[PDB]
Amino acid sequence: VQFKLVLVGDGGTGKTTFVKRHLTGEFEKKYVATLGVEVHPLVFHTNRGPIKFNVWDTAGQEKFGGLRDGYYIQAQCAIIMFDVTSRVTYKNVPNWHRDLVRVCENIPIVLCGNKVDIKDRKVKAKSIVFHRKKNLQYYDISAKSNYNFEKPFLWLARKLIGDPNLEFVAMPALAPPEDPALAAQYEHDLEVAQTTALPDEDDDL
């Protein structure tokens, strides 16, 4: 039971960072532009069983667009992403939506305004109304602070499964298991790690 999810939006809006956070828990601070598309399987554990998303993380920059709307064929759900600190990324949301629903005429779509962690927000909440007539679900999100970072997949899971009461549940925790020829090896890696400062030491956690 796996579903194809296309992720579209202007370059730099955080699509790749948002997926990475869900894949590994990491926050990628660097902007390495996606070239064409990257496919990533993403599994969530629900009270209705596991649900698998084949996330097609497409490229936002035009010079790296690749197959463009070719990536959308047979998509079963989608996330349109923009940057609340960049008005132009919201101005382009109708363009991405147009290209998307011309190929996928009847799929659940989430509209995401990313980077709400930044104080100087440029796209005010009362200005975000495009989702209304297009029946898209909207969420303020931040891949940096994890604000609502689970909501887009929770909503899509409920739509794709047909159960408004579907919930994320805890994966079962197996008991964990219990060499001198690798002592000097682990001591080398550990000494480099102690002298590499942990990132974001000013955060609350």
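Counting begins at 1, following the sequence as shown.
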query	finding
Count class of deposited residues lacking coordinates, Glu178 to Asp179	1 to 3
Residue stretch of maximal mean CA temperature factor, 26-34 vs 134-142	26-34
Mean C-alpha temperature factor, higher of 53-61 and 164-172	164-172
Third of the chain's Cα B-factor distribution that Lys119 belongs to, per the entry	highest
B-factor third for the C-alpha atom of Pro41 within its chain	highest
CA B-factor ranking of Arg48, expressed as a third of its chain	highest
Among modelled residues of the same chain, the CA temperature factor third for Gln74	middle
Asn106 by Cα B-factor - lowest, middle or highest third of the modelled chain	highest
